[PDB]
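> Experimental coordinates follow, after the sequence.
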Protein chains: 2
Amino acid sequence: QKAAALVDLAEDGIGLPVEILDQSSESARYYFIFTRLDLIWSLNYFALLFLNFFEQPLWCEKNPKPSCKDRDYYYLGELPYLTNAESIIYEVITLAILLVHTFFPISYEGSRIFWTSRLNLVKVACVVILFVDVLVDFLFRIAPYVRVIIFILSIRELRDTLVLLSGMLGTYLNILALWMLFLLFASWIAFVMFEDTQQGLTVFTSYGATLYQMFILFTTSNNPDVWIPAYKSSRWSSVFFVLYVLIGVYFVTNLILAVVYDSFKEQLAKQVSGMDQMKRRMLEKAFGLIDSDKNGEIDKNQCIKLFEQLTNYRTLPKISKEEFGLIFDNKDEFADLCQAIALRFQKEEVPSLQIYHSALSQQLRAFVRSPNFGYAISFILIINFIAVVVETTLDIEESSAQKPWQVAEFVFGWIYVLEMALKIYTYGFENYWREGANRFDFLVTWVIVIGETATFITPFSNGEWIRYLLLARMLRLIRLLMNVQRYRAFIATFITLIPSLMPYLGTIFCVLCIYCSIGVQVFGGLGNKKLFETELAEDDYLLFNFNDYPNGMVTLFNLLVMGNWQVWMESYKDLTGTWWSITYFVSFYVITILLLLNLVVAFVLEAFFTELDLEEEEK
Amino acid sequence: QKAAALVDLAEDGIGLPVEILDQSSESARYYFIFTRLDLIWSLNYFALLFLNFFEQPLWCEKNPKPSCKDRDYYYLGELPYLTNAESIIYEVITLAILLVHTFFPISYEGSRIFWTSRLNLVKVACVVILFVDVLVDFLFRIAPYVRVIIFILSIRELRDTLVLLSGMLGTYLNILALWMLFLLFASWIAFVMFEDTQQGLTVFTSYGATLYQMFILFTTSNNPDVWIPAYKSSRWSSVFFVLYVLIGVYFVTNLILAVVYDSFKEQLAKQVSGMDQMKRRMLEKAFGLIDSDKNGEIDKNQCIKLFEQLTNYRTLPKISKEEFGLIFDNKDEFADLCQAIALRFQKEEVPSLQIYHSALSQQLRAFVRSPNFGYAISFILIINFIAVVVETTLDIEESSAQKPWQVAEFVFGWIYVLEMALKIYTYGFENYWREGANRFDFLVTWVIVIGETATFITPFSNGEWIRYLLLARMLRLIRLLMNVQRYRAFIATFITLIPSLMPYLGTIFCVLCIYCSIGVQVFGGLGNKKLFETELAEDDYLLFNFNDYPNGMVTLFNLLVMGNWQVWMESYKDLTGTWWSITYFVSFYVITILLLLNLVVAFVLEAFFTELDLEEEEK
Ligand SMILES: COc1ccc([C@@H]2N[C@@H](C(=O)O)Cc3c2[nH]c2ccccc32)cc1CN1CCN(c2ccccc2F)CC1
Ligand SMILES: COc1ccc([C@@H]2N[C@@H](C(=O)O)Cc3c2[nH]c2ccccc32)cc1CN1CCN(c2ccccc2F)CC1
Ligand SMILES: [Ca+2]
Ligand SMILES: [Ca+2]
Ligand SMILES: [Ca+2]
Ligand SMILES: [Ca+2]
Ligand SMILES: [Ca+2]
Ligand SMILES: [Ca+2]
Ligand SMILES: [Ca+2]
Ligand SMILES: [Ca+2]
Ligand SMILES: [Ca+2]
Ligand SMILES: [Ca+2]
């Protein structure tokens, strides 16, 4: 419908999808049908992108290919790894399925328009660097790097997040320079102080070592341990370090975050503003198609229809009458009107789903929308909680009475696949997928049903571990505490934080994956027998990894939490012998600790502060 | 002057002193003269309060008074300590000088008014608990506690800061309860997971130990070390802890600060608002005395005088004329007028200082206010910097040529005592004390001159260490970088942070002093010979303190930076044997790490954010 090309586009303004094709000459118009089918394609790609990115943890390492002992607990590792005969198939498969997706934009874009767009040219550019590796691998250095790189821009949420980092990255280098001058100047005054004293052994390499130590003391990871010989020479030596750590942590390290916070708050206001201009680009598009006379304004009889399919197709406002004209007695105004319909009149109605009779289903559908059903599943999870605490508490007692209660938990898992099956049937798959909590339950109910088929066709620890975890589907009981006025902002922020922090937690995560590809290449060994035991002992327990990519992934996490992080840096230094290997650890800290982790803090607070002004606005 | 009782009070509104005596029937009026002399009394008390608070570090410990070996390196300590024969004198002296100060309010207050005021009654209450100890000490448990307690409220800046904590302390307990439930619930799911596995040795005491470990992992101080047996049993064990540390640090620990931030921002808006009502209480007081007719408004001829002694006594606006009435052609309006005079017309003029001739001094005074003098001392510190870097760099070379340059640094110290003596003479001691940088230099110039008298009457390390440090008087060269538009907000915040963070850094500091008095009493020993070596080894190097109050003060700092903090908590646990000694460490963390240190972060950012909107306002 000529009028429906705009109502559907008005709900696209409220729902906020993003596409940039101006002309186009549900059902709208031609360019839309070129892109419309991408949705199933996008859903199937979703699995491909995940597996493409994971082809690097499951990848076979590069240092085992030469000498010496092949696939041993020596130079430790723990995953399935890979055989290239079984590797290239996935390279070929993931690549081929990928290439269909990267050139699919030309369907809805122009031929030259696709090639000239900076997004699609780099997309195909990393698409051409992964094909050459595959051909050469068939008959390996920067091959995993394009996996994560083609992954970070394969998703828009990670892409706009990386762009947000760019605008604030410039001011971040200038404060790092001042941070460097502080470390530089503080290292100087510290070294001269302790050249004619006993701590000349810690300042033996002098400024080169004393800057390295004042740098880790800036992280306080070695606070009582780095200046303990000086504190043994004179008690008044501590006066310097409490002075330094004070300024270093409470003055320096604090206002560093205050920079990111403001720079992040600025760039986020830049992103949502351009998001508004983009959203209005569809709203002005919809209006521009119903204003045929180009005068800039629409008539009554020309807008009574636009409301008429807005009240029917999308949301529930009112009913049209002959009193329509009784209530009666521009381009930029229509956008505000639908945005006002978007907050009050808007409650996205059910899409279809049938060639079927409502009769037999009509019973179940009304009794399931009743609030008493919401209380029923609630009490079912309460009686499930007191049930789970008994099965688990009978494992610790080791009494064999853990068995009868643990099979009753399986019947609880059947209550929820019933609940999943009856609720998706009584609301529609799209309405059931609209709310965030129901998407979760669906995929966690489906991790139970694949467990049931597996656990019972396969044949305790085969069933206890795989099922007792999914009591996490009883975690929406925490929404109860939002009724308490105190904890409302806390839980409501946290709940709204879990998804909103995920694009930022996936970005910092991809950094480790680039970093782990580097650590694998540069640190393949570990002189494995005399340098391993001399370097670390209590920390050799810690440095039992980073010879494997998952081992490297968990140890970058240990460096990401910064818990005894310097024991990896100081060791891999003397495992390589040169001071230039600690740069990998200095570059890590600067890029993720002083930057990415400082960023996610400002996001949480700003998200919490936005939750405050929101609950303040309702009253 | 009847008119001058109000202009001086109007500058008290702009300068913001605080006193609460309504009637009073420089020179103002009777109640003021009762308080006016307190200024010299307050300056002398300033030294008394400092020494009173320090009578606890220099205090002789309590566990050495019984057995066994008296004053040995055994159960280690390092300060001068105390002999009670030489202790009580300072008790008697500090007490007697104190009591004069605590009852001095009755001079300007009413007799019943002093006794009924909650401030003065508790002031005298801790004044009566310190007198009983002194009498009994002459012929000891809660005696140091009233030192810090009578100190935290002896200064208004620490007092209003403690009050700011009170309004936000209530909501802090409720989030601690949710933090406790997270630790509780996470400890549960963690223990049941690892009861039938190898990590049953770390979860040997089960929930009691696993909560204790998940609590320290929440601090990440033992991140790679606490779950290393589980990661050795299965690689998929790390999936749980990365999940937990993620939520624990990035979700939980973050929004905890977001609470303090908002609660701190609220209570700070409460403090400055009541500060404004208090400031206006003097402004409405000054107006109320020049409005004799009580109608609420003042005449021209009645306000032309008030401006006439405002332009003469305090600041420089304009000149009165017969054109005064040519420019011409209420209570709440007059306050805004002087506050507008306070930002534009206001530039606090020089107080007197003489019975002397300006003649011989009139030369030096005009040549020192010239900008070329500011460039002269600037180049003098630049040539001082390149001078200091050579003397120090000749100590490291150990060449005897360090001597001639190091005596030339003494002549630099004479340039600055000259600069101090000529500048205080050409501006007045009060103008020289008005600016914050000049107060600093004065006291650091005076730490040089006491060094000169000492260093030369006493007779290298006797002179190098005591003088090369005071190159810190060349630190105002950092104000240069404020000319660079990038680093302006950074340095300007930092400079405005150093004093503004001091009342908050003194508050957290006094907490350690209460806490150290506790650690001394409860932990006097260290079974010193078998439990010391079995408890800690690498950490016995760390646990070489907390048997002395300064030793306890530096180790609470080590716990304050949270660097390997659990090694003190876990040890003093098995040094006492009971789990209830770790509460001292849990109570510490909660009170200062999750509360006070989270607070000083919000202050820095808010101070930095206020510096941003300030530099934005000038343009
Ligand atoms: C690594 O090599 C150096 C060794 C000593 C010094 C100075 N020598 C010291 C002394 O004499 O006290 C300490 C000190 C210096 N400058 C200061 C300024 C303020 C406070 C302390 C100092 C500078 C450098 C730096 N070079 C060489 C290396 N470069 C450099 C290296 C990496 C990144 C950026 C850089 F640019 C450029 C300049
Ligand atoms: C210290 O003693 C206990 C031992 C076990 C439990 C519970 N037993 C566990 C189980 O069976 O899994 C773990 C668990 C419980 N409750 C939960 C709620 C949510 C998640 C996990 C749990 C409770 C307590 C607490 N008592 C006794 C001690 N008190 C208590 C002690 C200090 C401060 C405040 C308090 F109030 C009051 C209630
Ligand atoms: Ca390959
Ligand atoms: Ca020396
Ligand atoms: Ca029209
Ligand atoms: Ca057991
Ligand atoms: Ca490890
Ligand atoms: Ca005493
Ligand atoms: Ca089991
Ligand atoms: Ca009047
Ligand atoms: Ca030397
Ligand atoms: Ca120590």
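Arrived safely, thanks for sending. Numbering: from 1, shown residues only, chains lettered A, B, ... in the order given. Ligands and ions are numbered 1, 2, ... in the order given.
> Identify the residue of the stretch 501-619 of chain A closest to ligand 5, quick one.
Ranking the residues of the stretch 501-619 of chain A by distance to ligand 5 (CB to the ion) places residue A:617 first, at 36.3 Å. The C-beta positions use only the backbone N, C-alpha and C, and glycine is treated the same way.
> any idea which element that residue lies in?
Assigned by DSSP states H and E, residue A:617 belongs to helix A:598-618.
> Buried residues, that helix. List them.
A:598-605, A:607-609, A:611 (16 or more other CB atoms under 10 Å in any protein chain shown).
> Make CSV out of those and add distance to ligand 10.
Shown next, in CSV, are those (distance: CB to the ion, whole Å):
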residue, distance to ligand 10
A:598, 58
A:599, 60
A:600, 61
A:601, 57
A:602, 54
A:603, 58
A:604, 57
A:605, 52
A:607, 55
A:608, 52
A:609, 48
A:611, 52
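> can you list those in a markdown table and add distance to chain B?
Putting the buried residues of helix A:598-618 into a markdown table (distance: CB to the nearest CB, whole Å) gives the following:
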| residue | distance to chain B |
| --- | --- |
| A:598 | 11 |
| A:599 | 11 |
| A:600 | 6 |
| A:601 | 6 |
| A:602 | 9 |
| A:603 | 9 |
| A:604 | 4 |
| A:605 | 4 |
| A:607 | 8 |
| A:608 | 4 |
| A:609 | 7 |
| A:611 | 9 |
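> ok, of the residues you listed, which one's closest to residue B:270?
Using CB to CB, residue A:609 comes nearest to residue B:270 of the buried residues of helix A:598-618, at 18.0 Å.
> hang on, the closest one packs against residue B:258?
Yes: judged on CB atoms under 8 Å, residue A:609 makes contact with residue B:258 at a distance of 6.8 Å.
> Distance-wise, check the residue of the stretch 501-619 of chain A closest to ligand 5 relative to residue A:609.
Using CB to CB, to the nearest Å, residue A:617 is found at 13 Å from residue A:609.
> Pop out the phi and psi values for residue A:401.
phi -70, psi 0 (degrees, to the nearest 10).
> Is it in contact with residue A:395, as I believe?
No: taking CB under 8 Å as the definition, residue A:401 is not a contact partner of residue A:395, at 10.3 Å.
> Compare the two and say which one has the larger neighbour count.
Neighbours were tallied for residue A:401 and for residue A:395 using other CB atoms under 10 Å in any protein chain shown; the higher tally belongs to residue A:395 (16 against 12).
> what sits against that one?
A:402, A:464, B:192, B:195-196 (CB atoms under 8 Å, 6 or more residues apart in numbering or on different chains).
> Now it: which helix or strand?
Going by DSSP H and E, residue A:395 is part of helix A:371-396.
> any bit of that helix sitting next to ligand 2?
Yes: using CB under 6 Å from any ligand atom, helix A:371-396 reaches ligand 2 at A:389, A:393.
> Following the chain past that helix, name the next helix or strand.
Next element after helix A:371-396 (DSSP H and E): helix A:402-427.
> Tell me how far the closest residue to ligand 1 within the stretch 201-350 of chain A lies from ligand 10.
Closest residue of the stretch 201-350 of chain A to ligand 1, CB to the nearest ligand atom: residue A:207 (6.0 Å). In this view, residue A:207 and ligand 10 are 72 Å apart by CB to the ion, to the nearest Å.
> Does that residue touch residue A:191 like I think?
Yes: Residue A:207 lies in contact with residue A:191 (CB under 8 Å); the separation is 5.3 Å.
> Who has more neighbours out of these two?
Neighbours were counted for residue A:207 and for residue A:191 using other CB under 10 Å; residue A:191 has more, 23 against 16.
> For that one, identify the helix or strand it belongs to.
Going by DSSP H and E, residue A:191 is part of helix A:156-193.
> quick one, that helix and helix B:371-396 angle?
Per axes from the mean of the first three to the mean of the last three CA atoms, to 10 degrees, the angle that helix A:156-193 makes with helix B:371-396 is 70 degrees.
> Also compute the angle for the helix or strand following helix A:156-193 relative to helix A:156-193, please.
Reading on from helix A:156-193 to the C-terminus, the next helix or strand found by DSSP H and E is helix A:207-218. If you take the same axes, to 10 degrees, helix A:207-218 sits at 120 degrees to helix A:156-193.
> Flag every buried residue along helix A:207-218.
Residues A:207, A:209-218 are the ones in helix A:207-218 that count as buried (16+ other CB under 10 Å).
> possible to save those as TSV with distance to residue B:579?
What follows is the buried residues of helix A:207-218, written out as TSV (distance: CB to CB, whole Å):
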residue	distance to residue B:579
A:207	46
A:209	41
A:210	40
A:211	42
A:212	39
A:213	35
A:214	37
A:215	37
A:216	32
A:217	32
A:218	34
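> neighbours around residue A:336, how many?
Quick note: residue A:336 (other CB under 10 Å) scores 11 neighbours.
> ditto for residue A:494
Neighbours around residue A:494, by other CB under 10 Å: 22.
> what's the spacing between it and residue A:322?
51 Å.
> repeat for residue A:55
66 Å.
> From residue A:83, how far off is the residue most central in space within chain A?
Centroid check for chain A by CA atoms, centre = their mean gives residue A:502 as the closest residue, at 2.8 Å. For residue A:502, the distance to residue A:83 equals 34 Å [CB to CB].
> could I get the buried residues of helix A:598-618 as TSV with distance to residue B:125?
Output for the buried residues of helix A:598-618, formatted as TSV (distance: CB to CB, whole Å):
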residue	distance to residue B:125
A:598	46
A:599	49
A:600	48
A:601	43
A:602	45
A:603	48
A:604	43
A:605	41
A:607	46
A:608	41
A:609	41
A:611	43
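> Pick out the most distant pair among the residues you listed.
Greatest spatial distance in the buried residues of helix A:598-618: A:598 and A:611, 20.8 Å, computed using CB to CB.
> hang on, the earlier thing: can you tell me which of the buried residues of helix A:598-618 is closest to residue B:228?
Looking across these and measuring by CB to CB, the closest to residue B:228 is residue A:600, at 26.4 Å.
> Name the residues of the stretch 351-500 of chain A found near chain B, please.
Within the stretch 351-500 of chain A, the positions adjacent to chain B are A:392-393, A:395-396, A:461, A:465, A:468, A:481, A:486-487, A:490, A:493-494, A:497-498 by CB under 8 Å from any CB of the partner chain.
> what do you get if the cut-off is 7 Å, keeping everything else the same?
Contact residues, the stretch 351-500 of chain A versus chain B (CB under 7 Å from any CB of the partner chain): A:392, A:395-396, A:461, A:486-487, A:490, A:493-494, A:497.
> Identify, from those residues, the entry nearest to residue B:79.
Nearest to residue B:79 among those, counting by CB to CB, is residue A:490 at 45.2 Å.
> element containing the closest one, please.
Assigned by DSSP H and E, residue A:490 falls in helix A:488-500.
> what's the answer for residue A:278, then?
Going by DSSP H and E, residue A:278 is part of helix A:253-290.
> same thing with residue A:562?
Applying DSSP H and E, one finds residue A:562 in no helix or strand.
> Number of residues surrounding it?
There are 18 residues near residue A:562, going by other CB under 10 Å.
> In contact with it, which residues?
A:219, A:221, A:593 (CB atoms under 7 Å, 6 or more residues apart in numbering or on different chains).
> how close does it get to residue A:585?
For residue A:562, the distance to residue A:585 - CB to CB - is 11 Å.
> before we move on, what about residue A:4?
Taking CB to CB as the measure, residue A:4 falls 59 Å from residue A:585.
> Between the two, point out the one with more neighbours.
Between residue A:4 and residue A:585, residue A:585 has the larger neighbour count (other CB under 10 Å), namely 20 against 17.
> was I right about that one contacting residue A:569?
Yes: the criterion here is CB atoms under 7 Å, and residue A:585 meets it with residue A:569 at 3.7 Å.
> For chain A, what lies in contact range of ligand 7?
A:542, A:545 (CB under 5 Å from the ion).
> Next secondary structure after the helix or strand harbouring residue A:43?
Assigned by DSSP H and E, residue A:43 falls within helix A:38-54. Next along the chain after helix A:38-54, taking DSSP H and E as the criterion, comes helix A:84-102.
> No more questions from me, cheers.
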